[PDB]
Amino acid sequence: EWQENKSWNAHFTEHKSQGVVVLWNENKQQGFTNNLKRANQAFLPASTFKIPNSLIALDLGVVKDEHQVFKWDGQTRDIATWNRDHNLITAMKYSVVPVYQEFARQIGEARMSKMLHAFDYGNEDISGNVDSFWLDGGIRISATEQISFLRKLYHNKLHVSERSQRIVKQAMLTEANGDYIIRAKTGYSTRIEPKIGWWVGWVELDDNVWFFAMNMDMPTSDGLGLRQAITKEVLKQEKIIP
């Protein structure tokens, strides 16, 4: 049911990097990873939490639809794309932390905790600031646990509306062509060691879906593009994408 494939380490080593990729073949109900230990190591989710946060915001009416505008608060932040109005689609694309921090404040700690329990999400612990616990609080989730959560989202089985799940899956759209569709979210955990990058989501094929979750050590922001590059080398090797 789980296979270790250490050959994927080469993709990591060729970029002087260390990390884990986890794949799940939905049709065959079989998982593969280069590191069975790290595949099950729980880390801060960082911006991958915008997936559950979006779902909860939509289901509780904090976000009405994917077109509602959240106006910039006028504070100039480091990331230039954040210094403008956003909707749910662009806030996911540009990973606009302050938008989601306000979502979390409006959700509140009681409802946030109850929903993460209902979602079976990671260690289910929201200790910390209600508007930053996914960055520097108590919540921890492993790559295999991310896959468990994403599979429920794919099949509309989370304990929120079908509509909320469809809208979040739309907002996760990252790449599509005549071979595949990727729906995914990146994450970058810098506030608490060890600094890591994430990419989690799935690849839709004509006749199967392959779920993925990867994380890797990320001592500087220079290597953020390796999150997608290394994952794509694995997907290419496994003939999931050409």
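Start at 1 and count along the sequence shown; that's the residue number.
Of the two segments, 109 to 117 and 150 to 158, the one listed with the higher mean B-factor is 109 to 117 (C-alpha atoms only).
For the two regions 216 to 224 and 17 to 25, the entry's Cα B-factors average higher over 216 to 224. For the set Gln165, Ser95, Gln75, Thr144, the PDB entry puts the maximum C-alpha B factor at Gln75.
Annotation for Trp134: C-alpha temperature factor in the lowest third relative to the rest of the modelled chain, per the entry. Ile89: CA B factor lies in the lowest third for its chain, per the PDB record.
When all modelled residues of the chain are sorted by CA temperature factor, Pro194 is found within the highest third. Split the chain's modelled residues into thirds by C-alpha temperature factor. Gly178 is in the highest one. For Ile79, the recorded CA temperature factor ranks within the highest third of the chain's modelled residues.
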